[PDB]
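> Here is my input, please return the structure:
(2 chains, ligands or ions: 8)
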2 protein chains.
Amino acid sequence: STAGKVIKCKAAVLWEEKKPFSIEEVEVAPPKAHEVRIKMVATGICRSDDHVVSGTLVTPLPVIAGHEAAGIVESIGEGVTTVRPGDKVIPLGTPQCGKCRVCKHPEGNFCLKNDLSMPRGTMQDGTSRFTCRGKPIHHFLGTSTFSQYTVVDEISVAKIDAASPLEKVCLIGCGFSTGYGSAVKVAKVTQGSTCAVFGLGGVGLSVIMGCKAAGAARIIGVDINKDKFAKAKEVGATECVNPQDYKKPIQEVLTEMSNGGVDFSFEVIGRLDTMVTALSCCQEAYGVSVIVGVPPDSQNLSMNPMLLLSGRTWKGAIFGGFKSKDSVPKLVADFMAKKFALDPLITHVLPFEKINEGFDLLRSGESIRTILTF
Amino acid sequence: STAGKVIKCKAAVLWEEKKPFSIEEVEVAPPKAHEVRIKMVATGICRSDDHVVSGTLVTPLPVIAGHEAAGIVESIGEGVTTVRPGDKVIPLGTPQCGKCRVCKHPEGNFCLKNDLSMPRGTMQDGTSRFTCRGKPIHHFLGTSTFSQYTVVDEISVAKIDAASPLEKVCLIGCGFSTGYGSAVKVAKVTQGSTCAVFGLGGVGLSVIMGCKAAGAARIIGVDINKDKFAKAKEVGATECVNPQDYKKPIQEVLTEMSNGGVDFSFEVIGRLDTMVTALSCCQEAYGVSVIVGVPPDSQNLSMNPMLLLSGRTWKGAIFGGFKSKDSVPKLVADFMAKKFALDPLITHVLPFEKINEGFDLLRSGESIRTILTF
Ligand SMILES: NC(=O)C1=CN([C@@H]2O[C@H](COP(=O)(O)OP(=O)(O)OC[C@H]3O[C@@H](n4cnc5c(N)ncnc54)[C@H](O)[C@@H]3O)[C@@H](O)[C@H]2O)C=CC1
Ligand SMILES: NC(=O)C1=CN([C@@H]2O[C@H](COP(=O)(O)OP(=O)(O)OC[C@H]3O[C@@H](n4cnc5c(N)ncnc54)[C@H](O)[C@@H]3O)[C@@H](O)[C@H]2O)C=CC1
Ligand SMILES: O=CNC1CCCCC1
Ligand SMILES: O=CNC1CCCCC1
Ligand SMILES: [Zn+2]
Ligand SMILES: [Zn+2]
Ligand SMILES: [Zn+2]
Ligand SMILES: [Zn+2]
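Residues are numbered from 1 along each chain as shown, chains lettered A, B, ... in the order given. Ligands and ions are numbered 1, 2, ... in the order given. Sure, the structure comes next:
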């Protein structure tokens, strides 16, 4: 019926920065060799998608954004061996080619086939599968899930349990796994430790979930929006602090609260100043700080290297350190076995056609994750 | 003979920055409770001592510097239980009180009793044991080894093997242990890995020794003084590069040489620019960079946090991460069992009276470690 043919469908096209998405018809080419065309079922609104709109995260425009999603395979290109039509799948904003030095390394996950370091906004072959008004449109992170259909390279898609609820497990494609893995895999939070989490959105709440799963004794949530505190406590925060409530810098406050610095801190906002504050608030001799938030494009932070010389460890990670294709199906299986919850992250549900309202909810501070249904 | 009495002896006093040391008579008070008075036998010239002269490292003046040394206990104050008169000892620029949260933590070593974070230049009790021309003189790092006799707090001294050669093992008090541990304990260099070591002085050569002991396959030494390359290769470097020989930034050179970035890099100079270069040259997804060098006082570096977000780990350490009082005697025992060599680090041996000549040798690029003998 549609296999081998161009599909005309609706997508949310971003023609320029700082403008609403345009819901309009696009043409989606059939998949070439080692490509997969997916009928989207649900997609979450991640702050990184908003960073594309705001220019915080630079990728070529015009673009179909979206990268946190789940759908059903409509057709596969020649040579595809890991998914078949009808399979439930999660696209992966970080691929897993399985062949590069990073994929072969026991710890690495930032596969060298990624489209983040030097963005092209294309498929792996350097071309686009999307046309709109006769104009080629860029892809985003090899995923482009703000469309009723997308085409992704095989290395950027994972087959998941056929019974998965796609309107929930789409969060495993980005925000949940990123936050959870940042705590359990990247930081390796220890039982009885004290953690500080800067930023209590969908990703920060998932960091809290991971800290609690790791057995932290104290988990201090930090946010300038106190409306975020109730949910943070529900998922495991033992206390929350708003930096605006204090006359001293919050790194001082947190050092005093933790009797000399926290064991693990996480920056899950995307500001240069909070990256330095989060590093400073961990204990100077043995603390660990993990950057999760995305900094504004091309901007440098300033910091005193004595913060590191005393013994601190500072690291960052994409996607919680998880090797994407290996990890996503296992994380879905864990979700199906009730080993973590996703409902606390989902505050709003909207049809895809209301994407702009979903972004308004995020920008106003009212939502954690809005899930869009196609 | 001298016990309980003020000792008049020779010391090298630094009265002000950017001046030669003044070799003259000082008075060394007897040890108070939990203090140890030590007759010096040998002391090394570490770049950190020169940093005091140059103003790179700020500590109260006038001062008796020196912190890498070995000697023999002359007398002990009330309550001392860990050393006795006649014992061979190494003073510890980082103490090990055994009671603070850092000393109790399995990884931490930067004991909260240190005199580095907020330098006072005193004994633990806030007073000085040194007088010169009737003026009180400050201590340095709780050690002050540029003197025929010094007084140190018990938590800043380790008893070592009575058969130890003090003119060699003084290096275990700072330089050697710092570099070796930075590789084996802080970075945890792995078998078959590629390492880059910036700075080929006494500490950087000790990093190379540690990388080789850990089984690194490639160890790239980096120094602007090509005269340092021969000794670096003798102790394990597989190749050396001088940034001044290249038109491109050395981080780009090292990334190309390592086919995409090194596994472990070490900054063992003390420059902001080389700290950022060393971080950048490690592989972006799984590389680890360790700051060992001391930055100039109060200066901040500038860096792009995307270097960390992709997956790099950045850390620093004092004294190679070793808990000082536990580790120094074991490292001496290891040296006595031929587990590592110290002779490659020692290029000059001079009488203490030639301290200024020893510093000239360091500043001119002509020495690795000069050992001063009393
Ligand atoms: N490393 C990775 O793989 C990933 C990174 N990201 C990044 O993580 C960050 C968080 O993403 P979401 O949770 O979706 O965003 P979000 O916008 O829902 O949450 C951010 C939170 O930070 C708080 N905040 C903002 N400014 C603050 C300040 N100055 N001090 C304290 N709190 C402040 C906000 O009130 C908000 O609750 C974003 O920068 C996003 O781009 C997201 C997904 C994956
Ligand atoms: N973290 C810690 O516990 C310790 C830190 N230190 C610090 O480690 C550093 C090294 O100490 P040493 O080996 O005694 O010093 P050193 O002066 O013997 O060695 C430094 C080396 O860096 C090279 N160098 C200088 N500028 C350079 C540049 N722009 N690029 C490349 N190479 C350059 C020099 O030619 C020299 O060979 C110093 O900053 C010292 O204060 C020393 C001992 C303990
Ligand atoms: O949110 C998904 N991916 C992010 C990962 C961090 C850099 C920007 C893109
Ligand atoms: O060289 C010995 N100690 C150093 C440790 C790093 C800060 C300056 C002093
Ligand atoms: Zn995302
Ligand atoms: Zn790969
Ligand atoms: Zn030193
Ligand atoms: Zn201590």
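> in which helix or strand would I find residue A:273?
Using DSSP states H and E, residue A:273 maps to helix A:272-281.
> do that helix and ligand 3 meet?
No. Counting by Cβ under 6 Å from any ligand atom, ligand 3 is not contacted by helix A:272-281; separation bottoms out at 13.2 Å. Every residue, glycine included, has its C-beta placed from N, CA and C.
> contact partners of that helix?
Helix A:272-281 has contacts (Cβ atoms under 8 Å, 6 or more residues apart in numbering or on different chains) with A:196, A:198-199, A:249-251, A:254-255, A:258, A:261-262, A:265-267, A:287, A:289, A:291, A:293, A:295-296, A:299-303, A:307, A:312, A:314, B:305.
> can we see that at 7 Å?
With contact meaning Cβ atoms under 7 Å, 6 or more residues apart in numbering or on different chains, helix A:272-281 is reached by A:196, A:198, A:249-251, A:254-255, A:261-262, A:265-267, A:289, A:291, A:295, A:299, A:301, A:303, A:307, A:312, A:314, B:305.
> Can you flag the buried ones in these?
Neighbour counting by 16 or more other Cβ atoms under 10 Å in any protein chain shown classes A:196, A:198, A:250-251, A:254-255, A:261-262, A:265-267, A:289, A:291, A:295, A:301, A:303, A:307, A:312, A:314, B:305 among the contacts of helix A:272-281 as buried.
> who's in contact with residue A:102?
By Cβ under 7 Å, 6+ apart, the contact list for residue A:102 reads A:108, A:110-112, B:285-286.
> Could you list which of the contacts of helix A:272-281 belong to helices?
Among the contacts of helix A:272-281, the members falling in helices (DSSP state H) are A:250-251, A:254-255, A:307.
> Name the secondary structure element that contains residue A:78.
Short version, using DSSP H and E: residue A:78 is in no helix or strand.
> OK, contacts around it?
The contact partners of residue A:78, taken as Cβ under 7 Å, 6+ apart, are residue A:33.
> what residues are up against the closest residue to ligand 2 within the stretch 51-200 of chain A?
Closest to ligand 2 within the stretch 51-200 of chain A is residue A:187: 23.9 Å, counting by Cβ to the nearest ligand atom. If a contact means Cβ under 7 Å, 6+ apart, then residue A:187 has A:264, A:288, A:290 as its contacts.
> circling back: will you turn the ones in helices among the contacts of helix A:272-281 into TSV that also has distance to residue B:236?
What follows is the ones in helices among the contacts of helix A:272-281, written out as TSV (distance: Cβ to Cβ, whole Å):
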residue	distance to residue B:236
A:250	45
A:251	40
A:254	42
A:255	40
A:307	30
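> Out of the residues you listed, which comes closest to ligand 2?
Nearest member of these to ligand 2, counting by Cβ to the nearest ligand atom, is residue A:307, at 13.4 Å.
> any idea how far the closest residue to residue A:295 other than its chain neighbours lies from ligand 2?
Of all residues not flanking residue A:295 in the chain, residue B:305 sits nearest, at 4.8 Å (Cβ to Cβ, 6 or more residues apart in numbering or on different chains). According to Cβ to the nearest ligand atom, to the nearest Å, residue B:305 and ligand 2 sit 23 Å apart.
> Buried residues in the helix holding residue A:273, which are they?
Result for helix A:272-281 [16+ other Cβ under 10 Å]: buried residues A:272, A:274-281.
> just curious, which of those is nearest to residue B:1?
Among the buried residues of helix A:272-281, residue A:280 lies closest to residue B:1 (Cβ to Cβ), at 51.5 Å.
> And for the residue of chain A found nearest ligand 2, nearest residue in space, chain neighbours not counted?
The minimum distance from chain A to ligand 2, using Cβ to the nearest ligand atom, falls at residue A:309 (6.0 Å). The shortest distance from residue A:309 to any non-neighbouring residue, by Cβ to Cβ, 6+ apart, is to residue B:316 (3.8 Å).
> For the one you found, give me its contacts.
Each residue near residue B:316 by Cβ under 7 Å, 6+ apart is listed here: A:305, A:308-311, B:290-291.
> Next: residue A:129.
For residue A:129, the contact set (Cβ under 7 Å, 6+ apart) comprises A:28-29, A:123, A:151.
> Can you tell me, leaving aside adjacent residues, what's nearest to the residue in the stretch 1-150 of chain A that ligand 7 sits nearest to?
Closest to ligand 7 within the stretch 1-150 of chain A is residue A:107: 32.2 Å, counting by Cβ to the ion. In this structure, residue A:107 finds its nearest non-sequential neighbour in residue B:286, 5.0 Å apart by Cβ to Cβ, 6+ apart.
> do the same with residue A:10
residue A:148 (5.4 Å).
> hang on, isn't that neighbour packed against residue A:40?
Yes. With contact defined as Cβ atoms under 7 Å, residue A:148 reaches residue A:40; the gap is 5.9 Å.
> Next, residue A:268: phi, psi?
The phi and psi values for residue A:268, taken as degrees, to the nearest 10, are phi -130, psi 50.
> where does the stretch 201-350 of chain A come near chain B, residue by residue?
By Cβ under 7 Å from any Cβ of the partner chain, the part of the stretch 201-350 of chain A that sits against chain B consists of A:260, A:272, A:275, A:284-286, A:291, A:295, A:300-306, A:308-318.
> do you know how far the residue in the stretch 101-250 of chain A that ligand 3 sits nearest to is from residue B:50?
The minimum distance from the stretch 101-250 of chain A to ligand 3, using Cβ to the nearest ligand atom, falls at residue A:174 (5.0 Å). Separation of residue A:174 from residue B:50 (Cβ to Cβ, to the nearest Å): 51 Å.
> Same drill for those two, tell me which one is more crowded.
residue A:174 (32 against 15; other Cβ atoms under 10 Å in any protein chain shown).
> related to what we said a few turns ago, isn't the residue of chain A closest to ligand 2 up against residue B:301?
No. Counting by Cβ under 7 Å, residue A:309 does not reach residue B:301; the two are 11.7 Å apart.
> Does ligand 5 have contacts with the longest strand belonging to chain A?
Across chain A, the longest stretch assigned as strand under DSSP state E is strand A:35-44. No. Contact of strand A:35-44 with ligand 5 (Cβ under 5 Å from the ion) is absent, the minimum separation being 8.0 Å.
> Tell me what angle the very next helix or strand once past that strand forms with strand A:35-44.
Helices and strands here follow DSSP H and E; after strand A:35-44, the next one along the chain is helix A:47-54. Between the axes of helix A:47-54 and strand A:35-44, defined by axes from the mean of the first three to the mean of the last three Cα atoms, to 10 degrees, the angle is 100 degrees.
> For helix A:47-54, which residues meet the burial criterion?
Result for helix A:47-54 [16+ other Cβ under 10 Å]: buried residues A:47-49, A:51-53.
> ok, so of these, who is nearest residue A:134?
Proximity of those to residue A:134 (Cβ to Cβ) peaks at residue A:52, which lies at 22.9 Å.
> Not including adjacent chain positions, what is the nearest residue to that closest one?
Residue A:52's closest residue in space is residue A:65 (Cβ to Cβ, 6+ apart), at 5.0 Å.
> Assess the claim that the one you found and residue A:14 are in contact.
Yes. Counting by Cβ under 7 Å, residue A:65 touches residue A:14, with 5.8 Å between them.
> Please enumerate the shared neighbours of those two.
Contacts common to residue A:65 and residue A:14, judged by Cβ under 7 Å, 6+ apart, are residue A:52.
> higher neighbour count, these two?
Legend: neighbour count by other Cβ under 10 Å for residue A:65 and residue A:14, higher for residue A:65 (31 against 25).
> Thank you kindly, that will do.
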